[PDB]
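Undergrad: Input entry_6.cif, format and content: mmCIF, N, CA and C atoms.
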```
data_data
#
loop_
_atom_site.label_atom_id
_atom_site.label_comp_id
_atom_site.auth_asym_id
_atom_site.auth_seq_id
_atom_site.Cartn_x
_atom_site.Cartn_y
_atom_site.Cartn_z
N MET A 1 -10.99 11.64 4.87
CA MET A 1 -12.03 10.88 5.56
C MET A 1 -13.37 11.01 4.84
N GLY A 2 -14.11 9.90 4.82
CA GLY A 2 -13.62 8.71 5.47
C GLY A 2 -13.20 7.75 4.39
N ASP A 3 -12.15 8.19 3.72
CA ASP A 3 -11.19 7.33 3.08
C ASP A 3 -10.54 6.57 4.21
N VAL A 4 -10.19 7.29 5.27
CA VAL A 4 -9.61 6.66 6.46
C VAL A 4 -10.41 5.46 6.99
N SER A 5 -11.71 5.62 7.22
CA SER A 5 -12.50 4.52 7.77
C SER A 5 -12.59 3.31 6.84
N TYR A 6 -12.52 3.61 5.55
CA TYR A 6 -12.51 2.61 4.51
C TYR A 6 -11.21 1.84 4.58
N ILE A 7 -10.11 2.59 4.62
CA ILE A 7 -8.81 1.96 4.75
C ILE A 7 -8.72 1.14 6.03
N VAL A 8 -9.11 1.74 7.16
CA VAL A 8 -9.02 1.06 8.47
C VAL A 8 -9.88 -0.20 8.57
N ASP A 9 -11.10 -0.12 8.07
CA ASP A 9 -11.99 -1.27 8.00
C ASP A 9 -11.36 -2.40 7.16
N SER A 10 -10.70 -2.03 6.06
CA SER A 10 -10.09 -3.02 5.17
C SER A 10 -8.88 -3.74 5.81
N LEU A 11 -8.16 -3.03 6.67
CA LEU A 11 -7.05 -3.62 7.42
C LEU A 11 -7.48 -4.61 8.50
N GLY A 12 -8.75 -4.56 8.90
CA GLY A 12 -9.25 -5.44 9.94
C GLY A 12 -9.76 -6.75 9.39
N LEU A 13 -9.79 -6.83 8.06
CA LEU A 13 -10.12 -8.06 7.34
C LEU A 13 -8.82 -8.71 6.88
N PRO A 14 -8.90 -9.97 6.44
CA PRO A 14 -7.79 -10.64 5.74
C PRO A 14 -7.38 -9.98 4.44
N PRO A 15 -6.09 -10.03 4.10
CA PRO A 15 -5.02 -10.79 4.76
C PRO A 15 -4.28 -10.05 5.89
N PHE A 16 -4.83 -8.98 6.44
CA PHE A 16 -4.15 -8.28 7.53
C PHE A 16 -4.73 -8.65 8.89
N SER A 17 -6.06 -8.62 8.99
CA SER A 17 -6.73 -8.91 10.25
C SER A 17 -6.08 -8.20 11.45
N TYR A 18 -5.94 -6.87 11.34
CA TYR A 18 -5.28 -6.03 12.35
C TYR A 18 -6.19 -4.87 12.73
N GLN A 19 -6.42 -4.68 14.02
CA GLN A 19 -7.30 -3.61 14.48
C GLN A 19 -6.60 -2.27 14.74
N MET A 20 -6.86 -1.31 13.87
CA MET A 20 -6.29 0.01 13.98
C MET A 20 -7.41 1.00 14.25
N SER A 21 -7.19 2.00 15.10
CA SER A 21 -8.28 2.91 15.42
C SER A 21 -8.31 4.07 14.43
N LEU A 22 -9.50 4.61 14.19
CA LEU A 22 -9.64 5.74 13.28
C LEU A 22 -8.64 6.83 13.66
N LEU A 23 -8.45 7.04 14.96
CA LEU A 23 -7.51 8.05 15.44
C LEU A 23 -6.05 7.64 15.20
N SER A 24 -5.69 6.43 15.60
CA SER A 24 -4.32 5.91 15.50
C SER A 24 -3.77 6.00 14.08
N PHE A 25 -4.66 5.77 13.12
CA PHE A 25 -4.31 5.87 11.71
C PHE A 25 -3.94 7.28 11.30
N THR A 26 -4.84 8.22 11.60
CA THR A 26 -4.65 9.62 11.23
C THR A 26 -3.48 10.27 11.95
N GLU A 27 -2.98 9.62 13.00
CA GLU A 27 -1.84 10.14 13.76
C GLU A 27 -0.53 9.70 13.13
N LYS A 28 -0.63 8.94 12.04
CA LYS A 28 0.55 8.44 11.36
C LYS A 28 1.09 9.54 10.45
N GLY A 29 2.39 9.79 10.51
CA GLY A 29 3.02 10.75 9.64
C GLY A 29 3.51 10.13 8.36
N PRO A 30 4.30 10.89 7.59
CA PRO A 30 4.72 10.47 6.24
C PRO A 30 5.46 9.13 6.24
N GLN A 31 6.34 8.91 7.20
CA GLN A 31 7.19 7.72 7.18
C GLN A 31 6.50 6.46 7.65
N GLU A 32 5.64 6.59 8.66
CA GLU A 32 4.79 5.48 9.10
C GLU A 32 3.87 5.02 7.96
N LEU A 33 3.40 5.97 7.17
CA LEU A 33 2.53 5.67 6.04
C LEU A 33 3.24 4.96 4.90
N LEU A 34 4.43 5.44 4.54
CA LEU A 34 5.24 4.74 3.55
C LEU A 34 5.55 3.32 4.01
N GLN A 35 5.66 3.16 5.32
CA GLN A 35 5.90 1.85 5.89
C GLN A 35 4.66 1.03 5.71
N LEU A 36 3.52 1.63 6.04
CA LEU A 36 2.26 0.94 5.91
C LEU A 36 1.99 0.47 4.49
N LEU A 37 2.21 1.35 3.51
CA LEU A 37 2.09 0.96 2.11
C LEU A 37 3.05 -0.17 1.77
N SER A 38 4.27 -0.04 2.27
CA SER A 38 5.30 -1.03 2.05
C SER A 38 4.89 -2.39 2.64
N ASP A 39 4.33 -2.35 3.85
CA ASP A 39 3.93 -3.55 4.56
C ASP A 39 2.71 -4.21 3.95
N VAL A 40 1.72 -3.40 3.57
CA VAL A 40 0.58 -3.85 2.74
C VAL A 40 1.04 -4.61 1.50
N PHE A 41 1.95 -4.02 0.73
CA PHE A 41 2.48 -4.73 -0.43
C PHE A 41 3.20 -6.03 -0.07
N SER A 42 3.82 -6.08 1.10
CA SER A 42 4.56 -7.28 1.48
C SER A 42 3.62 -8.42 1.88
N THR A 43 2.51 -8.06 2.53
CA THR A 43 1.43 -9.00 2.86
C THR A 43 0.88 -9.59 1.57
N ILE A 44 0.70 -8.75 0.55
CA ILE A 44 0.11 -9.27 -0.66
C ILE A 44 1.19 -10.13 -1.33
N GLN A 45 9.05 -9.91 0.16
CA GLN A 45 10.16 -9.41 0.96
C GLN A 45 9.77 -8.11 1.63
N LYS A 46 9.72 -8.09 2.96
CA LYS A 46 9.34 -6.87 3.65
C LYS A 46 10.53 -5.96 3.80
N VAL A 47 10.24 -4.71 4.12
CA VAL A 47 11.26 -3.71 4.08
C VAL A 47 11.08 -2.65 5.16
N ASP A 48 12.14 -2.41 5.92
CA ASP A 48 12.14 -1.33 6.90
C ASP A 48 12.54 -0.09 6.12
N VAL A 49 11.63 0.88 6.06
CA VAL A 49 11.82 2.04 5.21
C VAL A 49 12.96 2.94 5.71
N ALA A 50 13.28 2.87 7.00
CA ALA A 50 14.45 3.59 7.55
C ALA A 50 15.81 3.00 7.12
N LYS A 51 15.78 1.97 6.28
CA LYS A 51 16.96 1.40 5.66
C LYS A 51 16.97 1.65 4.14
N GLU A 52 16.09 2.55 3.70
CA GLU A 52 16.03 3.00 2.31
C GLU A 52 16.10 4.52 2.21
N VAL A 53 16.56 5.03 1.06
CA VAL A 53 16.39 6.46 0.77
C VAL A 53 15.09 6.72 -0.02
N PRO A 54 14.30 7.71 0.42
CA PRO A 54 12.91 7.93 -0.01
C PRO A 54 12.68 7.95 -1.53
N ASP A 55 13.76 7.96 -2.30
CA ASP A 55 13.66 8.04 -3.76
C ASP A 55 13.54 6.66 -4.40
N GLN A 56 14.11 5.65 -3.76
CA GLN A 56 13.99 4.29 -4.26
C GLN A 56 12.82 3.57 -3.56
N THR A 57 12.45 4.07 -2.38
CA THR A 57 11.15 3.76 -1.78
C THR A 57 10.01 4.12 -2.72
N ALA A 58 10.03 5.35 -3.21
CA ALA A 58 9.01 5.83 -4.14
C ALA A 58 8.94 4.91 -5.37
N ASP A 59 10.09 4.70 -5.99
CA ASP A 59 10.17 3.95 -7.24
C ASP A 59 9.68 2.52 -7.03
N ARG A 60 10.12 1.92 -5.93
CA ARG A 60 9.73 0.56 -5.56
C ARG A 60 8.23 0.41 -5.39
N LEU A 61 7.60 1.35 -4.69
CA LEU A 61 6.15 1.28 -4.54
C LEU A 61 5.43 1.64 -5.84
N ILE A 62 5.92 2.67 -6.54
CA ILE A 62 5.40 2.98 -7.88
C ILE A 62 5.50 1.78 -8.83
N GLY A 63 6.59 1.03 -8.72
CA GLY A 63 6.76 -0.14 -9.55
C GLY A 63 5.65 -1.13 -9.29
N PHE A 64 5.36 -1.35 -8.01
CA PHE A 64 4.32 -2.28 -7.59
C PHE A 64 2.94 -1.83 -8.02
N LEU A 65 2.69 -0.53 -7.92
CA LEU A 65 1.41 0.04 -8.31
C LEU A 65 1.13 -0.10 -9.81
N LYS A 66 2.18 -0.01 -10.62
CA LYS A 66 1.99 -0.09 -12.06
C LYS A 66 1.63 -1.52 -12.40
N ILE A 67 2.22 -2.44 -11.64
CA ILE A 67 1.91 -3.86 -11.76
C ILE A 67 0.43 -4.16 -11.58
N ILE A 68 -0.17 -3.59 -10.55
CA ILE A 68 -1.57 -3.86 -10.28
C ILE A 68 -2.53 -2.90 -10.99
N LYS A 69 -1.97 -2.01 -11.79
CA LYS A 69 -2.76 -1.22 -12.72
C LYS A 69 -3.43 -0.07 -11.97
N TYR A 70 -2.66 0.64 -11.16
CA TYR A 70 -3.13 1.80 -10.43
C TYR A 70 -3.07 3.03 -11.31
N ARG A 71 -4.20 3.71 -11.43
CA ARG A 71 -4.28 4.99 -12.13
C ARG A 71 -4.25 6.16 -11.13
N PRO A 72 -3.07 6.78 -10.91
CA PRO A 72 -3.01 7.89 -9.95
C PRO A 72 -3.95 9.04 -10.28
N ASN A 73 -4.42 9.77 -9.26
CA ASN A 73 -5.17 11.00 -9.49
C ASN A 73 -4.33 12.05 -10.22
N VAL A 74 -3.12 12.29 -9.70
CA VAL A 74 -2.11 13.16 -10.32
C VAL A 74 -1.64 12.60 -11.66
N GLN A 75 -1.79 13.38 -12.72
CA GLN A 75 -1.42 12.91 -14.05
C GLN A 75 0.00 13.33 -14.42
N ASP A 76 0.72 13.95 -13.48
CA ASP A 76 2.14 14.25 -13.69
C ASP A 76 2.98 13.17 -13.00
N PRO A 77 3.52 12.23 -13.79
CA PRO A 77 4.33 11.12 -13.27
C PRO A 77 5.39 11.57 -12.27
N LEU A 78 6.00 12.73 -12.49
CA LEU A 78 7.13 13.10 -11.64
C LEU A 78 6.68 13.85 -10.39
N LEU A 79 5.48 14.41 -10.46
CA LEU A 79 4.86 15.05 -9.31
C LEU A 79 4.29 13.98 -8.40
N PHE A 80 3.82 12.90 -9.00
CA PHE A 80 3.36 11.76 -8.25
C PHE A 80 4.54 11.13 -7.52
N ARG A 81 5.58 10.78 -8.27
CA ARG A 81 6.83 10.33 -7.68
C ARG A 81 7.13 11.10 -6.40
N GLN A 82 7.43 12.39 -6.53
CA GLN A 82 7.85 13.21 -5.39
C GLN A 82 6.83 13.28 -4.27
N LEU A 83 5.55 13.21 -4.62
CA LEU A 83 4.50 13.18 -3.61
C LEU A 83 4.52 11.89 -2.80
N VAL A 84 4.85 10.79 -3.48
CA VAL A 84 5.02 9.50 -2.83
C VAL A 84 6.23 9.53 -1.90
N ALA A 85 7.32 10.09 -2.41
CA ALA A 85 8.57 10.18 -1.67
C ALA A 85 8.41 11.02 -0.39
N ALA A 86 7.65 12.10 -0.52
CA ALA A 86 7.38 13.00 0.59
C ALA A 86 6.27 12.48 1.51
N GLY A 87 5.62 11.41 1.09
CA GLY A 87 4.62 10.77 1.93
C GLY A 87 3.35 11.59 2.09
N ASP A 88 3.05 12.43 1.09
CA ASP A 88 1.84 13.26 1.11
C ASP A 88 0.63 12.52 1.66
N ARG A 89 -0.08 13.17 2.58
CA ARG A 89 -1.25 12.59 3.21
C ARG A 89 -2.34 12.19 2.22
N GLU A 90 -2.69 13.11 1.33
CA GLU A 90 -3.81 12.85 0.43
C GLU A 90 -3.47 11.80 -0.62
N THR A 91 -2.27 11.91 -1.19
CA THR A 91 -1.73 10.92 -2.14
C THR A 91 -1.71 9.52 -1.53
N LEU A 92 -1.21 9.43 -0.31
CA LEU A 92 -1.10 8.13 0.34
C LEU A 92 -2.43 7.52 0.76
N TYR A 93 -3.30 8.35 1.31
CA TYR A 93 -4.67 7.95 1.61
C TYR A 93 -5.38 7.49 0.34
N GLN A 94 -5.05 8.13 -0.78
CA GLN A 94 -5.65 7.82 -2.07
C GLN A 94 -5.26 6.40 -2.49
N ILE A 95 -3.96 6.13 -2.47
CA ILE A 95 -3.41 4.83 -2.81
C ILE A 95 -3.95 3.74 -1.88
N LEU A 96 -3.83 3.96 -0.58
CA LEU A 96 -4.32 2.99 0.42
C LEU A 96 -5.80 2.69 0.24
N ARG A 97 -6.59 3.72 -0.05
CA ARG A 97 -8.04 3.57 -0.25
C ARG A 97 -8.35 2.69 -1.46
N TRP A 98 -7.53 2.79 -2.49
CA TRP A 98 -7.74 1.99 -3.69
C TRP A 98 -7.23 0.58 -3.49
N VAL A 99 -6.03 0.47 -2.93
CA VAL A 99 -5.40 -0.83 -2.82
C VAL A 99 -5.88 -1.81 -1.75
N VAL A 100 -6.08 -1.30 -0.55
CA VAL A 100 -6.38 -2.14 0.60
C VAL A 100 -7.68 -2.96 0.49
N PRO A 101 -8.78 -2.31 0.07
CA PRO A 101 -9.91 -3.15 -0.30
C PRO A 101 -9.49 -3.87 -1.57
N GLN A 102 -9.78 -5.15 -1.71
CA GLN A 102 -9.35 -5.87 -2.92
C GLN A 102 -7.95 -6.45 -2.73
N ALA A 103 -7.43 -6.34 -1.52
CA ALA A 103 -6.14 -6.93 -1.18
C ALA A 103 -6.22 -8.46 -1.16
N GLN A 104 -7.34 -8.99 -0.68
CA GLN A 104 -7.61 -10.43 -0.67
C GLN A 104 -7.53 -10.91 -2.12
N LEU A 105 -8.15 -10.19 -3.04
CA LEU A 105 -8.05 -10.54 -4.47
C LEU A 105 -6.67 -10.38 -5.06
N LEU A 106 -5.93 -9.38 -4.60
CA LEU A 106 -4.59 -9.11 -5.14
C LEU A 106 -3.68 -10.22 -4.62
N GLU A 107 -3.90 -10.60 -3.35
CA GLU A 107 -3.11 -11.64 -2.68
C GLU A 107 -3.34 -13.01 -3.35
N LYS A 108 -4.61 -13.38 -3.55
CA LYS A 108 -4.90 -14.62 -4.26
C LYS A 108 -4.10 -14.71 -5.57
N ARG A 109 -4.15 -13.65 -6.37
CA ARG A 109 -3.44 -13.63 -7.67
C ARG A 109 -1.91 -13.61 -7.56
N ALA A 110 -1.41 -12.97 -6.51
CA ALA A 110 0.02 -12.91 -6.22
C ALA A 110 0.60 -14.22 -5.69
N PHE A 111 -0.22 -14.93 -4.91
CA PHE A 111 0.13 -16.17 -4.24
C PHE A 111 0.32 -17.29 -5.25
N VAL A 112 -0.20 -17.13 -6.46
CA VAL A 112 -0.33 -18.21 -7.43
C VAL A 112 1.02 -18.72 -7.99
N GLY A 113 1.18 -20.05 -7.99
CA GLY A 113 2.38 -20.74 -8.44
C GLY A 113 3.64 -20.65 -7.59
N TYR A 114 3.59 -19.88 -6.50
CA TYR A 114 4.73 -19.68 -5.59
C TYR A 114 5.16 -20.99 -4.90
N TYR A 115 4.17 -21.77 -4.49
CA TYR A 115 4.41 -22.94 -3.65
C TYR A 115 4.29 -24.16 -4.53
N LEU A 116 5.22 -25.08 -4.33
CA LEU A 116 5.28 -26.31 -5.08
C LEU A 116 3.94 -27.05 -5.03
N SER A 117 3.29 -27.07 -3.86
CA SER A 117 2.03 -27.80 -3.71
C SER A 117 0.85 -27.15 -4.44
N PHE A 118 1.03 -25.89 -4.83
CA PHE A 118 0.01 -25.07 -5.51
C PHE A 118 0.50 -24.46 -6.84
N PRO A 119 0.72 -25.32 -7.85
CA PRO A 119 1.14 -24.97 -9.21
C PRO A 119 0.33 -23.85 -9.80
N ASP A 120 0.95 -23.13 -10.73
CA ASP A 120 0.21 -22.20 -11.53
C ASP A 120 -0.72 -22.95 -12.49
#
```
Once you've parsed the file, please lay out its structure as structure tokens.
TA:
Amino acid sequence: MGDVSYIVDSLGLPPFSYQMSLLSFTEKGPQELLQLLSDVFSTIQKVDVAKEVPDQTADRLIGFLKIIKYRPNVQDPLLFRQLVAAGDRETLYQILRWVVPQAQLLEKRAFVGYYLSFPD
């Protein structure tokens, strides 16, 4: 905190426009958070994380992060992996804090050429 308030404020804007309380957020454990990251990425195919094993969850989100050019704080690729898989609070807050603001920009760029009426 208040990485938290930054993240929460960003979720109340587009493309999420969802009101989450400072408390409700911090009450989220490892799996709710991996879901949240997963759902954030889907807003920008959605996935119920309880239908995945945490090792391909990690890789899948790591794959997406490399796409958008995320520089993790942890410089050990495999320690980052496992921290993602374990849903570490600080690691996840770190990612969410970087990604969620600028989601409107990430979405605009992701949305491009998808729809026939809106060519690349």
Undergrad: Could you check which of A:49, A:98, A:5, A:35 is closest to residue 22 (chain A), using all atoms listed in the file?
TA: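 Using all atoms listed in the file, residue 22 (chain A) sits closest to A:5.
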Undergrad: Using only C-alpha atoms, which of A:17, A:57, A:102, A:24 sits nearest residue 81 (chain A)?
TA: A:57
Undergrad: Show which residues sit within 8 Å of region 64-73 of chain A, as a VMD selection string. Count only C-alpha atoms, and ignore same-chain residues fewer than 2 positions away.
TA: chain A and resid 41 60 to 62 75 80 95 106
Undergrad: Export N, CA and C atoms of the chosen residues as a PDB file, in the coordinates of the input?
TA:
```
ATOM      1  N   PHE A  41       1.950  -4.020   0.730  1.00  0.00           N
ATOM      2  CA  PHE A  41       2.480  -4.730  -0.430  1.00  0.00           C
ATOM      3  C   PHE A  41       3.200  -6.030  -0.070  1.00  0.00           C
ATOM      4  N   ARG A  60      10.120   1.920  -5.930  1.00  0.00           N
ATOM      5  CA  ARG A  60       9.730   0.560  -5.560  1.00  0.00           C
ATOM      6  C   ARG A  60       8.230   0.410  -5.390  1.00  0.00           C
ATOM      7  N   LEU A  61       7.600   1.350  -4.690  1.00  0.00           N
ATOM      8  CA  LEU A  61       6.150   1.280  -4.540  1.00  0.00           C
ATOM      9  C   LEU A  61       5.430   1.640  -5.840  1.00  0.00           C
ATOM     10  N   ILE A  62       5.920   2.670  -6.540  1.00  0.00           N
ATOM     11  CA  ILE A  62       5.400   2.980  -7.880  1.00  0.00           C
ATOM     12  C   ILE A  62       5.500   1.780  -8.830  1.00  0.00           C
ATOM     13  N   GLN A  75      -1.790  13.380 -12.720  1.00  0.00           N
ATOM     14  CA  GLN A  75      -1.420  12.910 -14.050  1.00  0.00           C
ATOM     15  C   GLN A  75       0.000  13.330 -14.420  1.00  0.00           C
ATOM     16  N   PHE A  80       3.820  12.900  -9.000  1.00  0.00           N
ATOM     17  CA  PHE A  80       3.360  11.760  -8.250  1.00  0.00           C
ATOM     18  C   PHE A  80       4.540  11.130  -7.520  1.00  0.00           C
ATOM     19  N   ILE A  95      -3.960   6.130  -2.470  1.00  0.00           N
ATOM     20  CA  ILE A  95      -3.410   4.830  -2.810  1.00  0.00           C
ATOM     21  C   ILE A  95      -3.950   3.740  -1.880  1.00  0.00           C
ATOM     22  N   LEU A 106      -5.930  -9.380  -4.600  1.00  0.00           N
ATOM     23  CA  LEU A 106      -4.590  -9.110  -5.140  1.00  0.00           C
ATOM     24  C   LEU A 106      -3.680 -10.220  -4.620  1.00  0.00           C
TER      25      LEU A 106
END
```
Undergrad: Separation of atom N of residue 43 (chain A) and atom N of residue 13 (chain A), in Å?
TA: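 About the pair atom N of residue 43 (chain A) and atom N of residue 13 (chain A): they are 13.5 Å apart.
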Undergrad: Provide the CA of residue 117 (chain A) to atom C of residue 14 (chain A) distance in Å, to one decimal place.
TA: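 Straight-line distance from CA of residue 117 (chain A) to atom C of residue 14 (chain A) works out to 21.7 Å.
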Undergrad: Would you write out, as a compact mmCIF listing (two decimals) with N, CA and C atoms, in the frame of the given file, every residue that the PyMOL selection byres ((chain A and resi 7-12) around 8) captures in this file?
TA:
```
# COMPACT_ATOMS: atom_id res chain seq x y z
N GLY A 2 -14.11 9.90 4.82
CA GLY A 2 -13.62 8.71 5.47
C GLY A 2 -13.20 7.75 4.39
N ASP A 3 -12.15 8.19 3.72
CA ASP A 3 -11.19 7.33 3.08
C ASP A 3 -10.54 6.57 4.21
N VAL A 4 -10.19 7.29 5.27
CA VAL A 4 -9.61 6.66 6.46
C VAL A 4 -10.41 5.46 6.99
N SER A 5 -11.71 5.62 7.22
CA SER A 5 -12.50 4.52 7.77
C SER A 5 -12.59 3.31 6.84
N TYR A 6 -12.52 3.61 5.55
CA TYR A 6 -12.51 2.61 4.51
C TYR A 6 -11.21 1.84 4.58
N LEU A 13 -9.79 -6.83 8.06
CA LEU A 13 -10.12 -8.06 7.34
C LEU A 13 -8.82 -8.71 6.88
N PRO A 14 -8.90 -9.97 6.44
CA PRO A 14 -7.79 -10.64 5.74
C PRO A 14 -7.38 -9.98 4.44
N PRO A 15 -6.09 -10.03 4.10
CA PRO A 15 -5.02 -10.79 4.76
C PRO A 15 -4.28 -10.05 5.89
N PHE A 16 -4.83 -8.98 6.44
CA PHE A 16 -4.15 -8.28 7.53
C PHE A 16 -4.73 -8.65 8.89
N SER A 17 -6.06 -8.62 8.99
CA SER A 17 -6.73 -8.91 10.25
C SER A 17 -6.08 -8.20 11.45
N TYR A 18 -5.94 -6.87 11.34
CA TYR A 18 -5.28 -6.03 12.35
C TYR A 18 -6.19 -4.87 12.73
N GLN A 19 -6.42 -4.68 14.02
CA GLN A 19 -7.30 -3.61 14.48
C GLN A 19 -6.60 -2.27 14.74
N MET A 20 -6.86 -1.31 13.87
CA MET A 20 -6.29 0.01 13.98
C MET A 20 -7.41 1.00 14.25
N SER A 21 -7.19 2.00 15.10
CA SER A 21 -8.28 2.91 15.42
C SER A 21 -8.31 4.07 14.43
N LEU A 22 -9.50 4.61 14.19
CA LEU A 22 -9.64 5.74 13.28
C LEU A 22 -8.64 6.83 13.66
N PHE A 25 -4.66 5.77 13.12
CA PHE A 25 -4.31 5.87 11.71
C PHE A 25 -3.94 7.28 11.30
N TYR A 93 -3.30 8.35 1.31
CA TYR A 93 -4.67 7.95 1.61
C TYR A 93 -5.38 7.49 0.34
N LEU A 96 -3.83 3.96 -0.58
CA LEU A 96 -4.32 2.99 0.42
C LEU A 96 -5.80 2.69 0.24
N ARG A 97 -6.59 3.72 -0.05
CA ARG A 97 -8.04 3.57 -0.25
C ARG A 97 -8.35 2.69 -1.46
N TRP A 98 -7.53 2.79 -2.49
CA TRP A 98 -7.74 1.99 -3.69
C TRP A 98 -7.23 0.58 -3.49
N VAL A 100 -6.08 -1.30 -0.55
CA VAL A 100 -6.38 -2.14 0.60
C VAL A 100 -7.68 -2.96 0.49
N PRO A 101 -8.78 -2.31 0.07
CA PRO A 101 -9.91 -3.15 -0.30
C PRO A 101 -9.49 -3.87 -1.57
N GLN A 102 -9.78 -5.15 -1.71
CA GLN A 102 -9.35 -5.87 -2.92
C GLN A 102 -7.95 -6.45 -2.73
N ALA A 103 -7.43 -6.34 -1.52
CA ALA A 103 -6.14 -6.93 -1.18
C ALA A 103 -6.22 -8.46 -1.16
```
Undergrad: What gap, in Å, lies between atom N of residue 84 (chain A) and CA of residue 51 (chain A)?
TA: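 Computing it gives 17.8 Å between the two atoms.
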Undergrad: Env of residue 54 (chain A): 7 Å cut, atoms = all atoms listed in the file, seq-sep filter 2 positions within chain, self excluded. Answer as a list in words.
TA: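 Near residue 54 (chain A), the qualifying residues are residues 52, 56, 57, 58, 59, 84, 85 and 86 of chain A.
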Undergrad: Convert the output of the PyMOL selection byres ((chain A and resi 30) around 8) on the shown file into explicit residues, formatted as a ChimeraX atom specification.
TA: /A:27-29,31-36,85-89
Undergrad: With N, CA and C atoms retained, could you export that selection as a CSV table (one decimal), in the coordinates of the input?
TA:
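Saved file part30.csv follows:
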```csv
chain,number,residue,atom,x,y,z
A,27,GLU,N,-3.0,9.6,13.0
A,27,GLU,CA,-1.8,10.1,13.8
A,27,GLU,C,-0.5,9.7,13.1
A,28,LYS,N,-0.6,8.9,12.0
A,28,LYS,CA,0.6,8.4,11.4
A,28,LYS,C,1.1,9.5,10.4
A,29,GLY,N,2.4,9.8,10.5
A,29,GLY,CA,3.0,10.8,9.6
A,29,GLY,C,3.5,10.1,8.4
A,31,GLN,N,6.3,8.9,7.2
A,31,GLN,CA,7.2,7.7,7.2
A,31,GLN,C,6.5,6.5,7.6
A,32,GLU,N,5.6,6.6,8.7
A,32,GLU,CA,4.8,5.5,9.1
A,32,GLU,C,3.9,5.0,8.0
A,33,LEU,N,3.4,6.0,7.2
A,33,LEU,CA,2.5,5.7,6.0
A,33,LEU,C,3.2,5.0,4.9
A,34,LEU,N,4.4,5.4,4.5
A,34,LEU,CA,5.2,4.7,3.6
A,34,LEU,C,5.6,3.3,4.0
A,35,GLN,N,5.7,3.2,5.3
A,35,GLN,CA,5.9,1.8,5.9
A,35,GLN,C,4.7,1.0,5.7
A,36,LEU,N,3.5,1.6,6.0
A,36,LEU,CA,2.3,0.9,5.9
A,36,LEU,C,2.0,0.5,4.5
A,85,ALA,N,7.3,10.1,-2.4
A,85,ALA,CA,8.6,10.2,-1.7
A,85,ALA,C,8.4,11.0,-0.4
A,86,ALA,N,7.6,12.1,-0.5
A,86,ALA,CA,7.4,13.0,0.6
A,86,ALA,C,6.3,12.5,1.5
A,87,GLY,N,5.6,11.4,1.1
A,87,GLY,CA,4.6,10.8,1.9
A,87,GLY,C,3.4,11.6,2.1
A,88,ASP,N,3.0,12.4,1.1
A,88,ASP,CA,1.8,13.3,1.1
A,88,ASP,C,0.6,12.5,1.7
A,89,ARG,N,-0.1,13.2,2.6
A,89,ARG,CA,-1.2,12.6,3.2
A,89,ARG,C,-2.3,12.2,2.2
```
Undergrad: Using DSSP on the backbone coordinates, identify the residues of chain A assigned to helix (DSSP H, G or I); present them as a ChimeraX atom specification.
TA: /A:3-11,22-26,30-43,49-51,54-67,77-85,89-99,103-111
Undergrad: Which residue out of A:37, A:79, A:1, A:44 has the minimum interatomic distance to residue 111 (chain A) when only C-alpha atoms are used?
TA: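 Selected residue with least distance to residue 111 (chain A): A:44.
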Undergrad: Just save region 6-17 of chain A with N, CA and C atoms, as a PDB file, in the first residue's frame.
TA:
```pdb
ATOM      1  N   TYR A   6      -3.833   2.407  -5.708  1.00  0.00           N
ATOM      2  CA  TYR A   6      -3.511   2.663  -7.095  1.00  0.00           C
ATOM      3  C   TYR A   6      -4.174   1.605  -7.953  1.00  0.00           C
ATOM      4  N   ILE A   7      -3.969   0.351  -7.576  1.00  0.00           N
ATOM      5  CA  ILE A   7      -4.599  -0.739  -8.295  1.00  0.00           C
ATOM      6  C   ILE A   7      -6.125  -0.606  -8.254  1.00  0.00           C
ATOM      7  N   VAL A   8      -6.680  -0.389  -7.060  1.00  0.00           N
ATOM      8  CA  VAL A   8      -8.146  -0.299  -6.888  1.00  0.00           C
ATOM      9  C   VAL A   8      -8.778   0.870  -7.655  1.00  0.00           C
ATOM     10  N   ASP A   9      -8.137   2.028  -7.598  1.00  0.00           N
ATOM     11  CA  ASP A   9      -8.568   3.183  -8.367  1.00  0.00           C
ATOM     12  C   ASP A   9      -8.572   2.875  -9.881  1.00  0.00           C
ATOM     13  N   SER A  10      -7.560   2.144 -10.337  1.00  0.00           N
ATOM     14  CA  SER A  10      -7.448   1.816 -11.763  1.00  0.00           C
ATOM     15  C   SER A  10      -8.538   0.846 -12.243  1.00  0.00           C
ATOM     16  N   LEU A  11      -8.979  -0.036 -11.351  1.00  0.00           N
ATOM     17  CA  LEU A  11     -10.083  -0.951 -11.656  1.00  0.00           C
ATOM     18  C   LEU A  11     -11.446  -0.271 -11.750  1.00  0.00           C
ATOM     19  N   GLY A  12     -11.560   0.936 -11.206  1.00  0.00           N
ATOM     20  CA  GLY A  12     -12.827   1.650 -11.221  1.00  0.00           C
ATOM     21  C   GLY A  12     -12.999   2.486 -12.466  1.00  0.00           C
ATOM     22  N   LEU A  13     -11.935   2.539 -13.263  1.00  0.00           N
ATOM     23  CA  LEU A  13     -11.950   3.184 -14.571  1.00  0.00           C
ATOM     24  C   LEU A  13     -12.109   2.104 -15.635  1.00  0.00           C
ATOM     25  N   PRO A  14     -12.413   2.511 -16.879  1.00  0.00           N
ATOM     26  CA  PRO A  14     -12.362   1.618 -18.046  1.00  0.00           C
ATOM     27  C   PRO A  14     -10.983   1.055 -18.331  1.00  0.00           C
ATOM     28  N   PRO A  15     -10.922  -0.182 -18.850  1.00  0.00           N
ATOM     29  CA  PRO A  15     -12.033  -1.016 -19.320  1.00  0.00           C
ATOM     30  C   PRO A  15     -12.689  -1.919 -18.263  1.00  0.00           C
ATOM     31  N   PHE A  16     -12.480  -1.671 -16.973  1.00  0.00           N
ATOM     32  CA  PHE A  16     -13.112  -2.512 -15.957  1.00  0.00           C
ATOM     33  C   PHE A  16     -14.352  -1.852 -15.370  1.00  0.00           C
ATOM     34  N   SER A  17     -14.229  -0.583 -14.996  1.00  0.00           N
ATOM     35  CA  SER A  17     -15.325   0.143 -14.373  1.00  0.00           C
ATOM     36  C   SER A  17     -16.037  -0.675 -13.280  1.00  0.00           C
TER      37      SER A  17
END
```
